[PDB]
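Just one chain follows, in the form deposited in one PDB entry, and it is written as structure tokens.
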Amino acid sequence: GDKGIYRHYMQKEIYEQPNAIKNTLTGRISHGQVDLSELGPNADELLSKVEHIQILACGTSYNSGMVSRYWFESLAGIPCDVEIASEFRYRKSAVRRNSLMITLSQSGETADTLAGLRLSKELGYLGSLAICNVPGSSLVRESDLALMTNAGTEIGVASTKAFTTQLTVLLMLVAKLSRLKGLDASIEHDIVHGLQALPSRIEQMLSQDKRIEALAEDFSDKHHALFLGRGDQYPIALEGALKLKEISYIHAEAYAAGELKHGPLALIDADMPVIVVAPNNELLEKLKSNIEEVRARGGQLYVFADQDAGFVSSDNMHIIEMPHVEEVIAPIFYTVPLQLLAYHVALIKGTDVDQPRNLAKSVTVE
């Protein structure tokens, strides 16, 4: 129903992120630990028998997963593999010892993943956790366990609150598994703190909103962009690029920041801004140096970084300062400026934000 004070559902969806995240934390946090016993009185020796994760979705959902793979592998120490649903459903895959099947999805109707799960039944999958946002549908029903992200319905065609909430649940799950494995419990609380920080850290970004409306102008009449990201921020480059493709129709493409010099450098000029997401200092010095290599074709570096990094803008490296956040939820945090950025370009360009062209709420049908 009602958009409220908003021009577009997507806008609202972006501004709802702080609440939506509260709801995803309604009684999952309790006594400063993570409580996933909302999952059958069964549940736990299952989840403690796990020594490998296979995640499986499409689109913005693969992005979120792609992110959570970093976490798991380093926080919870549990091997993690992510794959595009379609890629999985059309190969003889080599199942892992005690693999858990997480399928991520907003609609729980995405044919390609739905199917990716149905192939897993017959393959040796320890069991099946479907993180997802629409109450009781194919992906929910057909899984052993579900974690309904509860963000209200999302009407916009590209996903915003859906994404962040999936990352929060990812983060809980990372937490629950870390302790149910024996790991020094300082780890779970870090995640938790970070997790209860998060909602008001999103409202912080949102106020730094006007500053993005500014930057959008720089990109509103471009038709190329290169998003760059390292480790957990890379999949945020993925999502950021995707959002730009999606609603501004710009051809933004994401990339391992390690890999710039192995190709796309050759592409950069005044019509293809680079954007790095949340670099550290040693990364900046590499990218800064790269971009000089192309000052003469007129290329620019745009950097979203911690205001605390003390980075300084040159004539062709432009720092866009963000507030400090906790390392552990950084990935989730740096997503909002990228969403808002896509959003403002779209607004200025005047494109159909809520239903972008040729794009679908979900691909159910074959």
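Residues that one form lacks are left out of the comparison. Here, rigid core means the biggest group of C-alpha atoms that superpose within 1.5 Å across both forms. For every residue, the number given is its place in the sequence shown, counted from 1.
Not on display, but discussed next: the form deposited in another entry.
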Looking at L198, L287, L242, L100 between this form and the one not shown with the core superposed, the single C-alpha displaced by 2 Å or more is at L287
Is the shift of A266 between this form and the one not shown large enough to count as movement, that is, does its C-alpha move by 2 Å or more after the core is superposed? no
Rigid core superposed, CA of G298 - does it shift 2 Å or more between this form and the one not shown? yes
Looking in the other form, decide if the C-alpha atoms of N281 and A330 are closer or farther than in the form shown; they differ by 3 Å or more. closer
Pairwise C-alpha change, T168 versus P279, in the other form against this form - closer or farther, 3 angstroms or more: closer
Regions of at least 3 residues displaced between this form and the one not shown by 2 angstroms or more (CA, core superposed): 279 to 298, 313 to 315, 317 to 319
